[PDB]
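A.B. asks: just dropping in an experimental structure and the matching sequence.
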There are 4 protein chains.
Amino acid sequence: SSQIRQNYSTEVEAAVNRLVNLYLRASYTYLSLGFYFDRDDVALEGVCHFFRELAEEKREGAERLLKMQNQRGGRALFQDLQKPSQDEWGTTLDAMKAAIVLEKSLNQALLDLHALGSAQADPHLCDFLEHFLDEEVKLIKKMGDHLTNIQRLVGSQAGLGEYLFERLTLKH
Amino acid sequence: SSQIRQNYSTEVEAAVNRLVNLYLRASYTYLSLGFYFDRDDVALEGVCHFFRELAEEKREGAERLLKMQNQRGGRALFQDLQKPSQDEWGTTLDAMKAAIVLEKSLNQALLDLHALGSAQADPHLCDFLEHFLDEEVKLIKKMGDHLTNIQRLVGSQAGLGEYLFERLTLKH
Amino acid sequence: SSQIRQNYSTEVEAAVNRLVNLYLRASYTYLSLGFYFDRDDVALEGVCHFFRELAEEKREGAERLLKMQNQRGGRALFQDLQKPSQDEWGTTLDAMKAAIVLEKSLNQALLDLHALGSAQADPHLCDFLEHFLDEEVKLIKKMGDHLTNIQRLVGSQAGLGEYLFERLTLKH
Amino acid sequence: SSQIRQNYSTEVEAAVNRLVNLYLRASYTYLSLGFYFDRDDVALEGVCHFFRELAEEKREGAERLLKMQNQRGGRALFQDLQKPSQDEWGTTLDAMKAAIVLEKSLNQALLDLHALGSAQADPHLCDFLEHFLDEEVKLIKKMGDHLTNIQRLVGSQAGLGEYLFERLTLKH
Ligand SMILES: [Pd+2]
Ligand SMILES: [Pd+2]
Ligand SMILES: [Pd+2]
Ligand SMILES: [Pd+2]
Ligand SMILES: [Pd+2]
Ligand SMILES: [Pd+2]
Ligand SMILES: [Pd+2]
Ligand SMILES: [Pd+2]
């Protein structure tokens, strides 16, 4: 029951649903990261804000994919959202490392989807991901920049460096 | 590891975590409801908007609970988010009925939490839910109003009534 | 006699000329659809406006293709514009069905052209269609949405439903 | 001699007078803390400002309680204000620890008063404390956040950390 579907493979439709799940899972992970840094015994507001902003971005990405699914005449199918991989996230450095791992996995899923689109001769999908692809590269570059600065600040005054990074790099 | 926790029972802490899960689940359900009404073979924009707005409201509720959890020195614990109970939601009437069922369950969970707060002599919790409690009563009243209007419009021109309700009651 | 042509195949050049013809033909079809709904014995202004707007959009598309043809050093070649397939277009539903058929055919021609561009290793063409491709998907989604609403409104009060759709969905 | 008193127990009236004393004592303690950090041999302006702001807040709280006492037809009774527990307050960390101890004691007194109100079936009192209760939870969370940051900054460059916290966290 679609009267509009054209050149939209069942393979891409399913891959888009899986990507929505991955984006929502990422959003959930960032929600957990954000609130961890808001704990009174962690108390790094710039870090909390950074991850809460990412939770919003990932949710927005999922919503864009869902809009596209309907635009193409595919059917959204939702699965459980697995809880994030940790309950406590360690240091800012630990968290930023986890975030980059997460983003690399999202990026790989985008790359896999683009490849499927190319194999299926689906240029609209290709065009649509173009939005996701650059945004992801920009985000990963930012995270790498952050990680380098966090790492430079460890030294052997780790608490001091963690405070200074949150105060002087992150938005608060 | 909290230096601030005071008069905040482990029972309430756990109940707050469960309530966060219920709110996030509700948000997820509303996301699914919203996109269903955006299908080209359903195509009721006012209904899509209504449920997408509710998805945002429920997410906001979860975020408020998480902020409060940290304010009190409790620790957020996240669980899986179960997928919504249906993949396709039927008519506007079916959907509005499902929504009221969902809201009644959230309201009951709020009532249960307030009762626990009262049993634990936790007035801050009581005060905090006061926000949730009125918002929920207002929302359920609105949904009941909608259901009555949807029901009046069935008659034996169901398609006509569904169109008119979306056009003339819902925001588009 | 071009001093600029580079990586622009004769196959793509010809396909672009054919696409210009298809867009102009579509524009002509929409002109006819628009004026049919302006007949005193049809008199559905929102429908007239919808199709007249599409006539303008298709003409604009042809003009964009012609601009691109010259940008690449190809040579515009015009053919006859075949008259639209009907002189009278029936109900709003009949017309919207005809419109979606027309758009699917344009979309297929765009897809065919992108495939040719990919086969000819012509990335500028690919980039250029990216504009056409999303606009077409958006338009077809809109038409599918319209068709669903028109269909819901037939019931057995067809005149009533046709009036209400024109009044409450379409711009007038 | 009141013509307005209704449902206002002598127990609550007395507890309100004691709470006014506790708030005024807290204000006095914060006055002392503030001026200590303004000493030329301490010289941490952000810390001075933080505690002077709290002195004002506590005085305001006492004034609100006194207004409520009269609104209910109770009679304000003032006792001596005991001098603060220290003449010199040590490091920012020492001071912030003392402040949280002080706030926990105020919060416990508020909780005790709410419990008395509930036992006496005095809902206006309950409503009134609702203002005090959330403000106190917010303040204690802030103090806990501060303490965590101060503690992270000790390291073995304590002077450096104390300076940086005052410069980069506190308002100056
Ligand atoms: Pd924070
Ligand atoms: Pd934040
Ligand atoms: Pd919609
Ligand atoms: Pd919407
Ligand atoms: Pd007209
Ligand atoms: Pd017109
Ligand atoms: Pd000063
Ligand atoms: Pd000051």
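C.D. replies: Yes, it's here. Numbering: from 1, shown residues only, chains lettered A, B, ... in the order given. Ligands and ions are numbered 1, 2, ... in the order given.
A.B. asks: next, the closest residue to residue A:95 other than its chain neighbours: secondary structure please.
C.D. replies: Nearest residue to residue A:95, sequence neighbours excluded (Cβ to Cβ, 6 or more residues apart in numbering or on different chains): residue A:89, at 4.6 Å. For the C-beta atoms, the positions are set from N, CA and C on the backbone; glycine is no exception. Secondary structure for residue A:89, judged by DSSP: H, G, I helix; E, B strand; the rest coil, is coil.
A.B. asks: tell me which parts of chain A are close to chain B?
C.D. replies: A:1-4, A:24, A:28, A:31-32, A:35-36, A:38-41, A:59, A:63, A:66-67, A:69-70, A:73, A:75-84, A:87 (Cβ under 8 Å from any Cβ of the partner chain).
A.B. asks: and the buried ones among these, selectable in PyMOL?
C.D. replies: Buried residues among the residues of chain A next to chain B (16 or more other Cβ atoms under 10 Å in any protein chain shown), as a PyMOL selection:
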select buried, chain A and resi 2+3+4+24+28+31+32+35+36+38+39+40+41+59+63+66+69+70+73+75+76+77+78+81+83+84
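A.B. asks: what packs against the helix or strand encompassing residue A:98?
C.D. replies: Under the criterion of DSSP states H and E, residue A:98 resides in helix A:92-119. Here helix A:92-119 touches helix A:10-37, helix A:45-72, helix A:123-129, helix A:133-154, helix A:158-168, going by 3 or more Cβ pairs under 8 Å, 6 or more residues apart in numbering or on different chains; DSSP states H and E.
A.B. asks: quick check: buried residues in it?
C.D. replies: Buried residues in helix A:92-119 (16+ other Cβ under 10 Å): A:92-93, A:95-100, A:102-103, A:106-107, A:109-110, A:113-114, A:116-117.
A.B. asks: so how far is residue B:63 from residue A:38?
C.D. replies: 11 Å (Cβ to Cβ, to the nearest Å).
A.B. asks: from residue C:170, how far off is residue A:36?
C.D. replies: According to Cβ to Cβ, residue A:36 stands 51 Å off from residue C:170.
A.B. asks: now tabulate the helices and strands packed on helix A:92-119 in a markdown table and tack on distance to residue C:139.
C.D. replies: As requested, these are exported to a markdown table (distance: least, Cβ to Cβ, whole Å):
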| stretch | distance to residue C:139 |
| --- | --- |
| helix A:10-37 | 20 |
| helix A:45-72 | 10 |
| helix A:123-129 | 12 |
| helix A:133-154 | 25 |
| helix A:158-168 | 48 |
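A.B. asks: taking chain A, what residue is nearest to ligand 7?
C.D. replies: residue A:167 (21.1 Å; Cβ to the ion).
A.B. asks: returning to that earlier point: from residue D:105, how far out is the residue nearest to residue A:95?
C.D. replies: 33 Å.
A.B. asks: gap between the residue of chain A closest to ligand 7 and residue A:44?
C.D. replies: Going from residue A:167 to residue A:44 by Cβ to Cβ gives 9 Å.
A.B. asks: neighbour count: these two, which is higher?
C.D. replies: A side-by-side neighbour count of residue A:167 and residue A:44, using other Cβ atoms under 10 Å in any protein chain shown, places residue A:44 first with 26 against 18.
A.B. asks: thought that one was touching residue A:166?
C.D. replies: Yes. Shown here, residue A:44 and residue A:166 form a contact pair, counting by Cβ atoms under 8 Å, at 4.6 Å.
A.B. asks: pull up the overlap in contacts between those two.
C.D. replies: Residues touching both residue A:44 and residue A:166 (Cβ atoms under 8 Å, 6 or more residues apart in numbering or on different chains) are residue A:92.
A.B. asks: can you tell me the closest non-neighbouring residue to the residue sitting furthest away from the middle of chain A?
C.D. replies: Using Cα atoms, centre = their mean, the residue of chain A lying farthest from its centre is residue A:3. It sits 32.9 Å away. Once flanking residues are discounted, residue A:3 sits nearest to residue C:144: 5.0 Å by Cβ to Cβ, 6+ apart.
A.B. asks: what sits against the one you found?
C.D. replies: For residue C:144, the contact set (Cβ under 8 Å, 6+ apart) comprises A:2, A:3, A:4, A:73, B:40, B:41, B:43, C:100.
A.B. asks: now do residue A:28
C.D. replies: Residue A:28 makes contact with A:55, A:81, A:83, A:84, B:24, B:78, B:81, according to Cβ under 8 Å, 6+ apart.
A.B. asks: same check on residue A:69?
C.D. replies: The contact partners of residue A:69, by Cβ under 8 Å, 6+ apart, come to A:13, A:16, A:17, A:20, A:75, A:76, B:35.
A.B. asks: against residue D:81, how distant is residue A:5?
C.D. replies: Noted for residue A:5: a distance of 78 Å to residue D:81, by Cβ to Cβ.
A.B. asks: do residue A:39 as well
C.D. replies: 36 Å.
A.B. asks: residue contacts, the residue of chain A closest to ligand 7?
C.D. replies: A:46, D:168, D:169.
A.B. asks: quick one: contacts for the last one?
C.D. replies: Residues near residue D:169 by Cβ under 8 Å, 6+ apart: A:167, D:46, D:146, D:149.
A.B. asks: what are the phi and psi angles of it?
C.D. replies: The phi and psi values for residue D:169, taken as degrees, to the nearest 10, are phi -110, psi -50.
A.B. asks: closest residue of chain A to ligand 5?
C.D. replies: At 26.5 Å from ligand 5, residue A:3 is the closest residue in chain A, using Cβ to the ion.
A.B. asks: hang on, that residue is in a strand, isn't it?
C.D. replies: No. Counting by three-state DSSP, residue A:3 is not part of a strand but coil.
A.B. asks: looking at it, it is touching residue B:41, isn't it?
C.D. replies: Yes. The pair residue A:3 / residue B:41 is scored as a contact, 6.9 Å apart, by Cβ under 8 Å.
A.B. asks: could you tell me which residues touch both of the two?
C.D. replies: By Cβ under 8 Å, 6+ apart, the residues touching both residue A:3 and residue B:41 are C:144, C:148.
A.B. asks: so the nearest residue to residue A:8 once chain neighbours are set aside versus ligand 8, what's the distance?
C.D. replies: Leaving aside its sequence neighbours, residue A:8 sits nearest to residue A:72 (Cβ to Cβ, 6+ apart; 4.5 Å). According to Cβ to the ion, to the nearest Å, residue A:72 and ligand 8 sit 62 Å apart.
A.B. asks: what of residue A:97?
C.D. replies: Counting by Cβ to the ion, the gap from residue A:97 to ligand 8 is 41 Å.
A.B. asks: over to residue A:37?
C.D. replies: 29 Å.
A.B. asks: residue A:77 now?
C.D. replies: For residue A:77, the distance to ligand 8 - Cβ to the ion - is 60 Å.
A.B. asks: got it, and residue A:101?
C.D. replies: Distance from residue A:101 to ligand 8, by Cβ to the ion: 46 Å.
A.B. asks: go on, residue A:168?
C.D. replies: For residue A:168, the distance to ligand 8 - Cβ to the ion - is 24 Å.
A.B. asks: with residue A:107 instead?
C.D. replies: 50 Å.
A.B. asks: ok so, going back, want to throw the contacts of residue A:69 into TSV with distance to residue A:134?
C.D. replies: Conversion of these to TSV gives the following (distance: Cβ to Cβ, whole Å):
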residue	distance to residue A:134
A:13	24
A:16	19
A:17	23
A:20	20
A:75	28
A:76	25
B:35	25
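A.B. asks: for the closest residue to ligand 3 within chain A, give me its contacts.
C.D. replies: The nearest approach of chain A to ligand 3 comes at residue A:70, 8.0 Å away (Cβ to the ion). Neighbour list for residue A:70: A:76, B:35, B:38, B:39, B:40, C:141 [criterion: Cβ under 8 Å, 6+ apart].
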